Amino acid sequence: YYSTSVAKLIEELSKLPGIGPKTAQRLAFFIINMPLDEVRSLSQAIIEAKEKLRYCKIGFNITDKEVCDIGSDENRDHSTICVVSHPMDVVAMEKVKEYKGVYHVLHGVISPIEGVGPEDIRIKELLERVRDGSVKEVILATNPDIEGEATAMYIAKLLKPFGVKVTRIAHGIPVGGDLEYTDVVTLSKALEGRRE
């Protein structure tokens, strides 16, 4: 048992990803033991982050400013697009230190099972970009599952009309792994997309 305020915190904590029921218990107790001044920075930070957030006018990704920082670098090429899934996906890309182009998060995918379709994301929002400012490369880098693949696929064939160079990433087997410990579907799919 515990106070009502402690329960609440445990409820509010459990709504969080990867925080389980036991994990939310330990943390609650930890937080309430924290020096006051420090529990206030945490609460601060939580509230500061939200109100201080903006969805960039261009990439529609997370930042302080209107534009981005990726999208308002001088020495950058905003003609190599990258349709991507979710905010941390950019951070994943950008960790590559090669590829000096731009992006396109969506905070969703095509999921009739989880709801959202082409509307709830930035499709027609990009459809007003490539045809706009003339874009060389539009790379579609969503996850490789149903949502991931059958999203960027309903897009990639709508990059035939205007001359814009269309692309997908690479399904297949990862670098390092072997056919021995590799699942059939990944294998089925890397035999199909063989070409070179």
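Numbers follow the displayed sequence, beginning with 1.
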Mean CA B-factor: is it higher for 129-137 or for 32-40?
129-137
Please work out which of 158-166 and 49-57 has the higher mean CA B-factor as recorded in the PDB entry.
158-166
On the chain's distribution of Cα B-factors, residue 153 falls within the third called highest
Lowest, middle or highest third: where is residue 27 by Cα B-factor in its chain?
lowest
